[PDB]
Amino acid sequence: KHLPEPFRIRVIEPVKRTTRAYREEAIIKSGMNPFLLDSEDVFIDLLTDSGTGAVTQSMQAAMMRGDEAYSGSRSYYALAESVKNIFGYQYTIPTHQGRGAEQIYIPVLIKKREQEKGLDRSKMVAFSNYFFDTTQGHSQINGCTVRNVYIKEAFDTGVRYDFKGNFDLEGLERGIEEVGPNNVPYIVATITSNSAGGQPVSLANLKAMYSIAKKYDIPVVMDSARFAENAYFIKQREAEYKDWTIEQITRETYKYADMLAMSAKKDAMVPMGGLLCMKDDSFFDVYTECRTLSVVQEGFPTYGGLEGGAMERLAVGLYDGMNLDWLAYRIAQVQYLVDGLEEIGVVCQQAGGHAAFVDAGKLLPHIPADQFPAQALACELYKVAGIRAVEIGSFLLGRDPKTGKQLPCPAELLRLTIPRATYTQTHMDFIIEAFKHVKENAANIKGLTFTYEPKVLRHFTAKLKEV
C-alpha cells in the first residue's frame, strides 16, 4: 500500500503534458538517447534521485540565513553542531564536489597505517559490505585493492532476508587474516548497502563488524548517503530497536565507525554538498590531515566551499531526513512501484531501496544485446509515457579501450530511481501502466545502432537510430 504523504505540497515546478507525436519527434531529435532530451520534455524523470528531491520549508528558508565568512562561519558551526547532535561526531568537514569526501580520506588513511603500522602499499586491501563504484574507484587508484564481503543472501532474489546489506562477518575476519592486518587501510560500511538495488545493514551486524575492526585497530568509515533509510529498516526489522526513534538508532549506529563520509544529496534532502566527519580525538590527526589535504589537495593552495546558506540548509536537512513518517512514506512508495511492476509480469534482476533494475533482455527477447535492448526500452518508455530511465547494459558498458570491440555484458538492465518527495502514487501507477503497455507491444520495439559515437563516455552524448 502506498502511504498518504506526511506533508502538504507547498511549491511546485510545472511540467508540460506532451503529445505522443511530440515525444516521437523529440526522441528522434535526441538520437534515441534520453540523456540528450531537454528536462522540459520529460514528464517523469527517473534518471537519478541524487540531488533531485524536494526540500522542506525550513530547509529552503535556511538558504537565506547564510554567513559567508571564509572562517569562523556561524553557518559552518550550525552544520557541525547538527553532526555532533545527530551522529555524536566532534569533527566536521563540509565537502562540495559532491561524494567528494573519499578522494580525501583514502590517501590519508593509507599513509596513516603505513607510517604507524608499516603498511605495505603493494599489498594493501580495503574491505566493505559493498563498495560504491566511486569509493572503489578512489581506492583502486593510490594502489589499493578492494574486496566486497557481502552475505550469501545479498544477491539471492529468490530468498527474502531482512538485512541483505550485512557484512559477511567470517569473510571479513578471514580477509583481514589473509591480507594481514597491517595491510588493511580501512573498512567501509555502506548504509544502506548498494548491493541488490539497496539493502539494509543491521545494527547487530555493524557492532560485530566494528568489534572485528577494533580488535585489529582498523579505521572504519561509514559511507552514509542513506543513513536515515537504514535506520528506518532497523526500526522496522531489527526487533531490539522496534521502539527506538530514528534519531536514537542513528546515534547508536555511529558508535560503530570511527568516521563518516557521505553525499548529502540522498537522505539529507539537499541538491548539493557532502560531509567527511570524525567521531572523536582518537581521530584528530586524521581530521587534520584531511582538512589540510582538502586545501592542498592539488599539491598547493586551492580555495572552495559551500555557501553559508547551503550549510544552514544541510544542518536542517540532516534532521528532516530522519522524520519517521517521511521515511515510512518514502520507502513504501518505492516498494509500491516494485510490487506493481512484479504484478504485471515485469521482471527485475535486482530491486531494492535505491533502485529497480528491469531486465530489458527478457522483456524484449528479440533484440540482440549489441542492439541495446535496454536503451530501446528506455526510448519506448519515453515515447509512450514521457518517462526517462537510464540504461545499465551494453550501451553503458562501452568498448574495450584496446580492441575497440563491444565489451560483453551479463544483462541488459534499465534502471529506475525515485527522486524523494517529488512524484505521487498517481505517477507510480502511470509508470506501471506504461510498462504494461510496453510489455503488450514488446514484439514491435526495434533495436538500435550508432549514427554518432564518442570515443569515451558514449552513453551521455551518442546518437543512434532504429534497426
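Numbering starts at 1 and runs along the sequence shown.
- The stretch 357 to 365 shows the higher mean C-alpha B-factor when 251 to 259 is compared against 357 to 365 in the entry.
- As the entry records it, the average C-alpha temperature factor is higher for 292 to 300, out of 292 to 300 and 231 to 239.
- Of the candidates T92, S224, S202, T135, the deposited coordinates give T135 the top C-alpha B factor.
- The PDB entry assigns the greatest CA B-factor among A385, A310, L119, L318 to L119.
- Annotation for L464: C-alpha temperature factor in the middle third relative to the rest of the modelled chain, per the entry.
- Among the modelled residues of its chain, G72 has a C-alpha B-factor that falls in the lowest third, as given in the PDB entry.
- The PDB entry assigns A443 a C-alpha temperature factor belonging to the highest third of its chain's modelled residues.
- Split the chain's modelled residues into thirds by C-alpha temperature factor. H427 is in the lowest one.
- Ranked by C-alpha B-factor against the other modelled residues of its chain, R20 falls in the middle third.
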